[PDB]
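Data first, discussion second: the structure below is written as C-alpha cells.
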Amino acid sequence: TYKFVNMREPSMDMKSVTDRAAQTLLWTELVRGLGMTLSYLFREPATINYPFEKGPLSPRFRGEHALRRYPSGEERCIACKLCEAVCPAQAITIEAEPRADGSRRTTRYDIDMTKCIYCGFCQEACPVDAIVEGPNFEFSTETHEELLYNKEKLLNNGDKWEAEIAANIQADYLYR
Amino acid sequence: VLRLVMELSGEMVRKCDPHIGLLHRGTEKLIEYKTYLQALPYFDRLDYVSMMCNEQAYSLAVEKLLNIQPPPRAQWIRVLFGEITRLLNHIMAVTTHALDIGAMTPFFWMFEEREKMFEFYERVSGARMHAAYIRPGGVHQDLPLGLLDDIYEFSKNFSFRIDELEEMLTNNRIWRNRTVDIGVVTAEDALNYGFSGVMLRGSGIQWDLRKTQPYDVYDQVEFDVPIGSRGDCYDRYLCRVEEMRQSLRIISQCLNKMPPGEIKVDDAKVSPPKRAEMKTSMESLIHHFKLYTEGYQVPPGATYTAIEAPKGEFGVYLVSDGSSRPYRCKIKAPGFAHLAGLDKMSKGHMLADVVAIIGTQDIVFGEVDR
Amino acid sequence: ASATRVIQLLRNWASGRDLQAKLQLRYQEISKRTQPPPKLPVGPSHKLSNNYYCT
Amino acid sequence: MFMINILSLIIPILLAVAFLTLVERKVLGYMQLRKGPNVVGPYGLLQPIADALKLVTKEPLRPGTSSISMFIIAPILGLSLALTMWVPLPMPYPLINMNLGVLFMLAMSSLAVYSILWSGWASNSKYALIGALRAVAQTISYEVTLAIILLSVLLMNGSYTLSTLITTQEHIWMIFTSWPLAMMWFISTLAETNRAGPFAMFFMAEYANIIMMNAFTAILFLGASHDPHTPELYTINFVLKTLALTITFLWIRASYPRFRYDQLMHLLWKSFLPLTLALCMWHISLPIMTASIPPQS
Amino acid sequence: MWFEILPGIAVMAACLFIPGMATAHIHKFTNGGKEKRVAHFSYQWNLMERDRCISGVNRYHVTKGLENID
Amino acid sequence: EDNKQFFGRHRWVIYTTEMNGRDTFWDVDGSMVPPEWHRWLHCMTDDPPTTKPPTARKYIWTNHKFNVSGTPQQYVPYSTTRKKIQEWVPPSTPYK
Amino acid sequence: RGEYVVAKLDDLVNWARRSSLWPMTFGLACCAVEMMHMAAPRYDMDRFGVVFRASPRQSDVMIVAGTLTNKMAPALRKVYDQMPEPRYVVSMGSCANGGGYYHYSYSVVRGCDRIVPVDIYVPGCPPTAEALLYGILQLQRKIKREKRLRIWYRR
Ligand SMILES: CCCCCCCCCCCCCCCCCC(=O)OC[C@H](COP(=O)([O-])OCC[N+](C)(C)C)OC(=O)CCCCCCCCCCCCCCCCC
Ligand code: SF4
Ligand code: SF4
Ligand code: SF4
C-alpha cells in the first residue's frame, strides 16, 4: 500500500483562484509561519540549568570506569583477562604476577580513555563484575596524559564512585 | 567533512566532483581483525544518524550465516528501535536540509525532540548514541520497566510536533521555490544509478525493502510508504516528513502488541548466558568464557542481506572463513549509491539550490567513508 | 503549562491549534525514575529434558 | 551646547545597538525553546558589553593581500554614514531640520553599498569578491524600489521635509492609506539592511541601521501624535513603535529560509517593481482626482 | 518564559528614548521655551533675523512685544 | 526538588560557599556533587540519599573530591608493573 | 597599588573572554551530532555566551570532533593557522583526542594533539552533550586562571 504526496490538482474555479491569488498577493502562508513562531515564543523553554541541574540518565549509563571491590575490600579483578579479550579497541592491558599471600593477582589495569569506546563490553565480559562503567562523566582534563588511566586511578574511582555504583548494580543485575 | 570541487561556468555549474574520503577510516580493514561481537560497534559508528538500524543489518546478516533466528520478542523490540531511528534520521534529514537552506526554527524544534529518543536509548542500552543494543541473537538487555509507557507518551504527543515542521515548510512558498524543481531524477536513471530508498520512492518508483522483502517482523505491521510524482528534492522532503508520520504508526503497531518472551536466542553458543546463569552453571561459564575470547564460530558462506535503513538500501556483504572471525565485510551504504549520481544531480542548477540537493540526498560521512 | 489562561489562549490563537492538550516538555505523567525489579521470562529451551543440542 | 546633543544622539544609540545584540539573541531564545544569554549578568544584561568589550581586544588579522587602506576605509564609512542616518529623524524635533531630509536619508543609504564593495574587493579572496559582488547587486537592485515607494507615499505628505511627516499622519496612521505599499516598503528595508579586529564597529553599524530603517518606517507609516507642550509623549510612542519593528526584524529572521539569488531578483524586477509602478501611478492620480494635494508650506 | 526579554529591550528602549528626550529639552534650554524656529524657506529665516536684530541682545529666541513699544 | 517543574528541572542544586578546601563561589561546576547524591540529582532514582542512605563500607572515600585537573593535585600516569629484567651487577672486588 | 591596577585590568580583560568565546567546529563524525545537539534547546549553550559559528577568522575555540584522517590533516592545520590569537582547541571524542576505535588503522592520526596544540580534553564515545558542556565550563575556568597582564608587568 502507498499514498501520493505532491499531486494536488488545484481547482481552477473563481473561488479557488481567489484564495491562491490572495495568498500570493497578501501573503498568508508566510504569516502562518509568523503565527507558529510567535506561539512558540509564548512557551516556557526546555533549557536545563547546568551545572545547577543536569539532564536525566539511566541505571545502565556507561561512563568513566572504576575497579570495584568485595565487601571486605578485596580486588574483584583476578586477571582472568576476558575484558581485553573482548575490548574492541584493545584499550585494556593486563599483567599478573604473584601476590605476597601466595596469590598471583593483577598488577596492571590501564584502560586508555583516549582508546576506550565505552561500549560496556568489559563489564559484561567480567565474570566477577570487577570492571564497570561508572555513572560519572565530568572528568575532562587538559592533558592527554591524564586520560591514560592506570591501576591506582581505577581503584581510586572504585572507592570514589562506590555507593552510587553499588546501588546501580543492585538495581540492574536482574536485567543482566 | 566534504571536499566538493566543482566548476563555475559563470554562476552555472557543469560538473561537480565530490572528493569524498575526508573521513575515510578503513572500517572493513579493522573488521578483518576483530570477532563478530567486536566488529559490531563499527556498524554502530557507520550511520551515526540512524545508528540502531545499522545494528539491524549486521545482526540479521550474522543470523543468516549462523542459521539462527532471533526470538519473537527480540524481533519486535528491534523494529521498535528501528523505526525510532527512522524518526531519528528523518528529523535530522529534513532539518539539516532546512538548515542548509536557511531555516533555523525547524532545526531546533525537531532537535529538541531528538533528546527524548536519545534519552530512551540511555534507558535501554546506557548511551545516548552508539547503543550497541542489537546483536546477533536479538538484543543484549531487556526493556527497563515503564519504558514502553514512556515512549507511548512521547509518541502520543509527537504527531503534534510534526505539524509545525509541515506548517511552516510545506506551505511556505519560500521553501517550495528553494526545494522544488531541483535534483529532479528520472525513474530509470535513479534505478540504474544504483540509488536506493527515497530516490526510488521520490521519483515515482514503487519499491521498498520493508514491504517488498519484509525482514525481521515487518510482516505483521501495516502502513503505506509515500511514493510521490516528480522526485525532486521537494518531493523527497514530503516523503521524508510523511515517513516520520508513517514511522509513528509503525511504532504504534509494535507497541500495543509486544509479545512476551526472551530477549536473546536460547543458544549459549551464540548468545552469552545470563549473569545469574553465569555464576551457577558450568557450561555457562565455559560458553561465556570462549564467547568473549574468540566468539561463536560462523559457518562458511557469504550473504549481502540488506534492510530498509532510512537512508536507503543498507546492506553488509560479509564472507566467513569458517572461524569465529569475519574475513571481509563490504560496507554497502545507501549514501555511496546516493552520492554516486551527484554529477547529474547538481546538473542544470546553481550553487544555492544544489546545496538543497545535498540536503535531500541525506549524505552522512560515516556510511561512505566508513 | 504554569502559564495562565491568557498565555494559553494567546498561543492557541497564533498557532490555531490546541497546544495545551499535548506539550513537548515531559511532566509528572512519565514513569517513576525508580521502578520495581523485573523477573524476565525463562529461556524457550530451558527444559532440562528432550533439549539435546543435536536437535 | 550643540556638541552635547550630537553626543546625546550617538552615545545612547551605541548603547542601544550594544543591547540590540542581546535582544537579537534572546527574543529568538524563548522563540526557539531556548533561554538566550542569561549567565552573563542578570538576564544577560552584561552580554551587550561583554561582546562589545572582547572583540576589540582581539588582534585585527588582516591578510597581506588585503590593502590596509581600503580594508580600513570601507568599514569606517560603513558606520559614519550609518550614524548620520539617525540625525534627521523627526524625533519630536529633529537634529537637522533639512527641507529635503527624505533625499538626505535615502542618498546616504545609497552609500552603504561602498562599505561592502570595498571591504569585499580589498579582501582579494574568491569567496569574498563573489559575496561582495552578490551583495552590491542585491542592494542596488532594491534601491529603485526604495525610491519609488518613497515617492508614492511622500506624495501625500507635501514635501521631502521629514518634519512635515508628523502633521500629515496626525489623526490617521498613513499605513491605512498605503498598506499595499507598506509591506512593499517593509520587505525593501529588510533586503537593504542585509537582514532576512575592526568588526564590532561593523556589526554595530549593520545593527544601528536595522533600528533606524525600522525607525524610518515607524515615522513614515506607523505615525503618532505630537503635543508641543509635552514632546515626551511622542518620544515614548516613537521608540516603542520602532522597537516593535526591530522585533519583527528578529521575528522573521528566525522564521524563514534564505532566498536563492535568482529568486532574489525575480521577486523584485518581475513582481515588486511593476506592482510598485502601478501603486505609484495610483498614488499620484488619486490626490489630483480628489483635490487632496497637500500644501508644500 | 518570555518576560525576561523585557530587561533586554528596556535598556535599548531607554537608550533609544534619550535622543528624542535630549533634543526636546535642550532646544527649550537653548531657545528659551519656544522651539528653535524652523526656517524651511527664506521667509522664516529673515523673520528670525528681524527678531534677532530687534531683540537687541542679539538673540532671536528673546521675544519683545507690546511692552517694547511705547 | 520539585514536582511542578517539568522533567529535567524538577530537582536542582545551589552549590556551597566552600568545599574540600577549595573555594566554591562565582566559579563552580558539576563535579562537586557527592557520589551518593549523583543518583538522585540525575533522576536515576526517585528517592534521595536522605530517607535511606546507601550502604556503608570502610573503603568508600571519606569525602568526594572535585576535578583535580589543571591543579597541583592532578593525576599522573605511570607504569604500575615492575622492571622485568635486571642487569648483571658487577662485583666490586679489589681486582685480578 | 601597581599590582592592584594590573590585577583589575587583567580580570576585566579575561572575565568575558570566558563568557564571550564563541565555539568553532569542523564536525568530522558522530561527535558532530553532540556538536550542535547541545545547540538544541535541552542543553542550551547560547545562554552560556558561547554560540556555534564557523567564521574561522572570527571565532575563539574550535571543538575538534570526530576522527582525524591524514587526508584532512592539511585542512585542520590551515584552519588553526588562520585562527586568530587567542585561540583554543577542544578535542571532543575518543577518536579526536586519542584515536579511540580506529587508533590502529592506517587512515587516522593517533589523536589530534599530534597535529594541533590541544587544550582541555573532553572524553566520550561520543561525549554525552553535557560532558562537553562541563568541558567547556572547565575551559572558561581555565581562562580565569590566567595572569596575562600580570606576567607582562612582572617582566
Ligand atoms: C482602490 C484600491 C487601489 C489599490 C489596490 C491595490 C491592489 C490590492 C493589494 C495588492 C496586493 C498587496 C500589495 C503587494 C504585496 C505583495 C507583493 C508581491 O510580489 O507578492 C508576491 C511575492 C512573491 O510571491 P510568490 O513567491 O508566490 O510568487 C508570486 C509571483 N511571481 C513568481 C511572479 C513573483 O510575495 C513575497 O515576496 C512574500 C514575502 C517575501 C519576503 C519574506 C518576508 C515576508 C514578511 C511578511 C510578514 C511581515 C509583513 C509586514 C507588513 C508591513 C508592516 C508595517
Ligand atoms: S576486570 Fe574482570 S574480566 Fe577483566 S581481568 Fe579483571 S576479573 Fe577478568
Ligand atoms: S567499554 Fe571500553 S574498555 Fe570496556 S570493552 Fe568496551 S572499549 Fe574496551
Ligand atoms: S570518539 Fe566515538 S563518537 Fe567520537 S568520532 Fe570516535 S568513534 Fe565516533
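In the C-alpha cells, chains take the letters A, B, ... in the order shown, each chain's residues start at 1, and ligands count up from 1 in the order shown.
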Please check the contacts: residues of chain G at most 6 Å away from chain D, using only C-alpha atoms, listed as a compact mmCIF listing (two decimals) with N, CA, C and O atoms, in the first residue's frame.
```txt
# COMPACT_ATOMS: atom_id res chain seq x y z
N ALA G 16 35.16 38.18 30.48
CA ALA G 16 34.22 37.81 29.44
C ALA G 16 34.88 37.04 28.30
O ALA G 16 34.16 36.52 27.44
N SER G 20 32.36 35.19 26.46
CA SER G 20 32.02 35.60 25.11
C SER G 20 32.79 34.82 24.05
O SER G 20 32.66 35.12 22.86
N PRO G 41 17.54 22.88 22.17
CA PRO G 41 17.04 23.59 23.36
C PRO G 41 17.40 22.95 24.69
O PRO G 41 17.58 23.68 25.67
N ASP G 46 23.76 28.60 24.01
CA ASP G 46 23.65 30.02 23.68
C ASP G 46 23.48 30.86 24.94
O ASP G 46 23.94 32.01 24.98
N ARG G 47 22.86 30.30 25.98
CA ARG G 47 22.75 31.01 27.25
C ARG G 47 24.11 31.22 27.90
O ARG G 47 24.31 32.22 28.59
N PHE G 48 25.04 30.30 27.68
CA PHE G 48 26.36 30.38 28.30
C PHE G 48 27.28 31.37 27.62
O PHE G 48 28.49 31.36 27.88
N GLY G 49 26.75 32.23 26.74
CA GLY G 49 27.56 33.16 25.99
C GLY G 49 28.23 32.55 24.78
O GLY G 49 28.49 33.26 23.80
```
Output the contact residues of chain C with respect to chain E at a cut-off of 12 Å, based on only C-alpha atoms, as a PDB file with N, CA, C and O atoms, in the first residue's frame.
```
ATOM      1  N   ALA C   1       2.834  25.699  31.387  1.00  0.00           N
ATOM      2  CA  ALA C   1       1.954  24.556  31.350  1.00  0.00           C
ATOM      3  C   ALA C   1       1.224  24.381  32.690  1.00  0.00           C
ATOM      4  O   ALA C   1       0.531  25.335  33.092  1.00  0.00           O
ATOM      5  N   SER C   2       1.440  26.384  35.075  1.00  0.00           N
ATOM      6  CA  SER C   2       2.396  27.476  34.963  1.00  0.00           C
ATOM      7  C   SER C   2       1.765  28.656  34.243  1.00  0.00           C
ATOM      8  O   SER C   2       1.246  29.571  34.880  1.00  0.00           O
ATOM      9  N   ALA C   3       1.809  28.622  32.912  1.00  0.00           N
ATOM     10  CA  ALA C   3       1.256  29.711  32.120  1.00  0.00           C
ATOM     11  C   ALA C   3      -0.223  29.894  32.419  1.00  0.00           C
ATOM     12  O   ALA C   3      -0.996  28.931  32.410  1.00  0.00           O
ATOM     13  N   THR C   4      -0.615  31.136  32.682  1.00  0.00           N
ATOM     14  CA  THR C   4      -2.014  31.426  32.926  1.00  0.00           C
ATOM     15  C   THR C   4      -2.807  31.326  31.624  1.00  0.00           C
ATOM     16  O   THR C   4      -2.254  31.139  30.536  1.00  0.00           O
ATOM     17  N   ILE C   7      -1.939  33.510  28.432  1.00  0.00           N
ATOM     18  CA  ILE C   7      -0.848  32.996  27.606  1.00  0.00           C
ATOM     19  C   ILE C   7      -1.336  31.839  26.749  1.00  0.00           C
ATOM     20  O   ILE C   7      -1.069  31.777  25.542  1.00  0.00           O
TER      21      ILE C   7
END
```
Exercise answer, 9 Å around ligand 1 with only C-alpha atoms and all ligand atoms, as a compact mmCIF listing (two decimals) with C-alpha atoms, in the first residue's frame:
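New file result15.txt:
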```txt
# COMPACT_ATOMS: atom_id res chain seq x y z
CA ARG A 20 -4.44 31.34 -4.40
CA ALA A 21 -4.28 34.88 -5.76
CA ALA A 22 -4.97 36.31 -2.30
CA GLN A 23 -2.28 34.06 -0.80
CA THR A 24 0.26 35.35 -3.31
CA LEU A 25 -0.89 38.98 -3.25
CA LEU A 26 -1.46 39.31 0.51
CA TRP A 27 0.87 36.72 1.99
CA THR A 28 -0.92 34.16 4.16
CA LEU A 30 4.16 33.32 5.46
CA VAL A 31 2.07 34.94 8.19
CA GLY A 33 4.93 30.95 9.87
CA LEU A 34 4.89 34.10 11.98
CA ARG B 173 6.40 29.39 -0.80
CA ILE B 174 9.99 30.19 0.18
CA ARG B 176 8.94 25.48 -2.26
CA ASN B 177 10.94 27.66 -4.66
CA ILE D 175 -0.39 52.75 6.80
CA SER D 178 -0.83 52.87 1.63
CA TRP D 179 -0.88 49.39 3.16
CA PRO D 180 -0.19 47.80 -0.28
CA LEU D 181 2.94 49.97 -0.27
CA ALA D 182 3.56 49.35 3.43
CA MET D 183 4.50 45.70 3.02
CA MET D 184 6.31 46.74 -0.15
CA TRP D 185 8.49 49.04 1.95
CA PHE D 186 8.91 46.60 4.84
CA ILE D 187 10.34 43.91 2.56
CA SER D 188 12.53 46.53 0.89
CA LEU D 190 14.74 44.11 5.12
CA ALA D 191 16.71 43.49 1.93
CA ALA D 196 16.33 38.40 6.20
CA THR D 217 9.27 53.06 8.64
CA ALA D 218 7.82 53.98 12.03
CA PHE D 221 3.62 54.80 8.18
CA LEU D 222 3.08 53.89 11.85
CA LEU D 245 9.55 46.87 14.13
CA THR D 248 9.75 41.97 13.73
CA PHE D 249 13.15 42.10 12.00
CA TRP D 251 10.80 37.70 14.27
CA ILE D 252 11.17 36.96 10.56
CA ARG D 253 14.95 36.45 10.73
CA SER D 255 11.06 32.29 10.64
CA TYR D 256 12.18 31.89 7.00
CA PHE D 259 16.32 33.47 -0.76
CA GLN D 263 14.52 34.45 -6.90
CA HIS D 266 12.91 37.60 -9.69
CA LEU D 267 10.87 38.86 -6.74
CA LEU D 268 11.93 42.46 -7.32
CA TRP D 269 12.05 43.09 -11.06
CA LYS D 270 9.22 40.83 -12.21
CA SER D 271 6.94 41.12 -9.16
CA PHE D 272 7.81 44.05 -6.89
CA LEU D 273 8.78 46.66 -9.47
CA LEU D 275 3.39 46.47 -8.88
CA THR D 276 5.29 49.40 -7.36
CA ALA D 278 1.18 50.88 -10.61
CA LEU D 279 0.86 51.89 -6.96
CA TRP D 282 -2.32 55.21 -8.21
CA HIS D 283 -0.83 57.47 -5.53
```
Give me, please, the distance in Å between CA of residue 35 (chain A) and CA of residue 106 (chain B), quoted to one decimal. 14.1 Å
Enumerate as a list in words the residues within 6 Å of ligand 4, counting only C-alpha atoms and all ligand atoms.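 Answer in the requested format: residues 29, 30, 31, 66, 67, 93, 94, 95, 100, 101, 124, 125 and 126 of chain G.
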Could the residues in this selection be saved with C-alpha atoms as a CSV table (one decimal), in the first residue's frame?
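selection38.csv written:
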```
chain,number,residue,atom,x,y,z
G,29,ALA,CA,32.0,12.4,12.6
G,30,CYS,CA,29.4,11.3,15.1
G,31,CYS,CA,30.8,13.7,17.6
G,66,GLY,CA,35.4,13.2,15.0
G,67,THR,CA,38.1,11.0,13.5
G,93,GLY,CA,35.5,12.3,21.4
G,94,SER,CA,38.0,9.4,22.0
G,95,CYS,CA,38.8,9.4,18.3
G,100,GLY,CA,39.8,5.7,20.0
G,101,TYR,CA,38.4,2.9,18.0
G,124,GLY,CA,33.4,10.2,25.4
G,125,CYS,CA,32.4,7.9,22.5
G,126,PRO,CA,30.6,10.2,22.0
```
If you count only C-alpha atoms, which residues fall within 9 Å of region 13-17 of chain E, apart from same-chain ones fewer than 5 positions away, as a ChimeraX atom specification? /D:11-17,232,235-236,238-240,243 /E:22
Suppose we keep N, CA and C atoms; can you now write the selection as a CSV table (one decimal), in the first residue's frame?
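File written: part_8.csv
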```
chain,number,residue,atom,x,y,z
D,11,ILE,N,25.8,58.4,21.6
D,11,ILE,CA,26.1,57.5,22.7
D,11,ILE,C,24.9,56.6,23.1
D,12,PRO,N,23.7,57.1,23.3
D,12,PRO,CA,22.6,56.2,23.7
D,12,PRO,C,22.3,55.2,22.6
D,13,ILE,N,22.4,55.6,21.3
D,13,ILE,CA,22.2,54.7,20.2
D,13,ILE,C,23.3,53.6,20.3
D,14,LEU,N,24.5,53.9,20.5
D,14,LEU,CA,25.6,52.9,20.6
D,14,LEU,C,25.4,52.0,21.7
D,15,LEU,N,24.9,52.5,22.9
D,15,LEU,CA,24.5,51.6,24.0
D,15,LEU,C,23.3,50.8,23.5
D,16,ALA,N,22.3,51.4,22.8
D,16,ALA,CA,21.1,50.6,22.4
D,16,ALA,C,21.5,49.6,21.3
D,17,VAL,N,22.4,49.9,20.4
D,17,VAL,CA,22.9,49.0,19.5
D,17,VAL,C,23.7,47.8,20.2
D,232,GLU,N,7.6,64.6,25.2
D,232,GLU,CA,7.9,63.3,25.7
D,232,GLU,C,6.9,62.2,25.4
D,235,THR,N,7.9,60.9,22.2
D,235,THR,CA,9.2,60.2,22.3
D,235,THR,C,8.8,58.7,22.6
D,236,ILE,N,8.1,58.5,23.6
D,236,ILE,CA,7.8,57.1,24.1
D,236,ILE,C,7.0,56.3,23.0
D,238,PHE,N,7.2,56.9,19.8
D,238,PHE,CA,8.0,56.7,18.6
D,238,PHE,C,9.0,55.5,18.9
D,239,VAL,N,9.7,55.5,20.1
D,239,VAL,CA,10.6,54.5,20.4
D,239,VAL,C,10.0,53.1,20.5
D,240,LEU,N,8.7,53.1,21.0
D,240,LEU,CA,8.0,51.9,21.2
D,240,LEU,C,7.7,51.3,19.8
D,243,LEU,N,10.8,50.0,18.2
D,243,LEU,CA,11.3,48.8,18.9
D,243,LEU,C,10.5,47.6,18.4
E,22,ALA,N,16.6,64.2,24.8
E,22,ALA,CA,17.6,65.2,24.9
E,22,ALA,C,17.4,66.3,23.9
```
If DSSP is run on the backbone, what residues of chain C are alpha helix (DSSP H)? A reply as a CSV table (one decimal) with N, CA, C and O atoms, in the first residue's frame would be ideal.
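Just written: part29.csv:
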```csv
chain,number,residue,atom,x,y,z
C,5,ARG,N,-4.1,31.4,31.8
C,5,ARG,CA,-5.0,31.2,30.6
C,5,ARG,C,-4.8,32.2,29.5
C,5,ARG,O,-5.0,31.9,28.3
C,6,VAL,N,-4.4,33.4,29.8
C,6,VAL,CA,-4.2,34.4,28.8
C,6,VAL,C,-3.0,34.1,27.9
C,6,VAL,O,-3.1,34.2,26.6
C,7,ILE,N,-1.9,33.5,28.4
C,7,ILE,CA,-0.8,33.0,27.6
C,7,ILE,C,-1.3,31.8,26.7
C,7,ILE,O,-1.1,31.8,25.5
C,8,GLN,N,-2.1,30.9,27.4
C,8,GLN,CA,-2.5,29.7,26.6
C,8,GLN,C,-3.5,30.1,25.5
C,8,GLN,O,-3.4,29.6,24.4
C,9,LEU,N,-4.4,31.0,25.8
C,9,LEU,CA,-5.3,31.4,24.7
C,9,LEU,C,-4.6,32.2,23.7
C,9,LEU,O,-5.0,32.2,22.5
C,10,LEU,N,-3.5,33.0,24.0
C,10,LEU,CA,-2.8,33.7,23.0
C,10,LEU,C,-2.1,32.8,22.0
C,10,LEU,O,-2.3,33.0,20.8
C,11,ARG,N,-1.4,31.8,22.5
C,11,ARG,CA,-0.7,30.9,21.6
C,11,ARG,C,-1.6,30.0,20.9
C,11,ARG,O,-1.3,29.6,19.7
C,12,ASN,N,-2.7,29.6,21.5
C,12,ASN,CA,-3.7,28.8,20.8
C,12,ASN,C,-4.3,29.5,19.6
C,12,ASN,O,-4.8,28.9,18.7
C,13,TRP,N,-4.3,30.9,19.7
C,13,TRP,CA,-4.8,31.7,18.5
C,13,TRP,C,-3.7,31.8,17.5
C,13,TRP,O,-3.9,31.5,16.3
C,14,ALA,N,-2.4,32.1,17.9
C,14,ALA,CA,-1.4,32.2,16.9
C,14,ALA,C,-1.1,30.9,16.2
C,14,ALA,O,-0.8,30.9,15.0
C,15,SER,N,-1.1,29.8,17.0
C,15,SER,CA,-0.9,28.5,16.4
C,15,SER,C,-2.2,28.1,15.6
C,15,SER,O,-2.1,27.3,14.7
```
Contact set, chain G to chain A: 12 Å, only C-alpha atoms, as JSON, numbers by chain: {"G": [38, 39, 40, 41, 42, 43, 44, 45, 46, 47, 48, 67, 88, 89, 90, 91, 92, 93, 94, 95, 96, 97, 98, 99, 100, 101, 102, 103, 104, 105, 110, 111, 112, 113, 114, 117, 118, 119, 120, 121, 122, 123, 124, 125, 126, 127, 128, 129, 130, 131, 132, 133, 134, 135, 136, 137, 138, 139, 141, 142]}
Please determine, counting only C-alpha atoms, which residue among A:171, A:104, A:131, A:44 has the shortest atom-to-atom distance to chain E.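 Smallest distance to chain E is found for A:44.
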Taking only C-alpha atoms into account, which residues of chain F are within 10 Å of chain A, as a PyMOL selection string? chain F and resi 6-15+28-45+49+53-70+74-82
Residues up to 12 Å from ligand 2, counting only C-alpha atoms and all ligand atoms: could you list those as number ranges by chain? A: 65-69, 74-87, 91-96, 105-111, 120-133, 151, 154-155; B: 288-289, 292-293
Compile the residues of chain C that lie within 12 Å of chain G, evaluated using only C-alpha atoms, and express the compilation as a list in words.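 Here is what falls inside 12 Å: residues 24, 25 and 26 of chain C.
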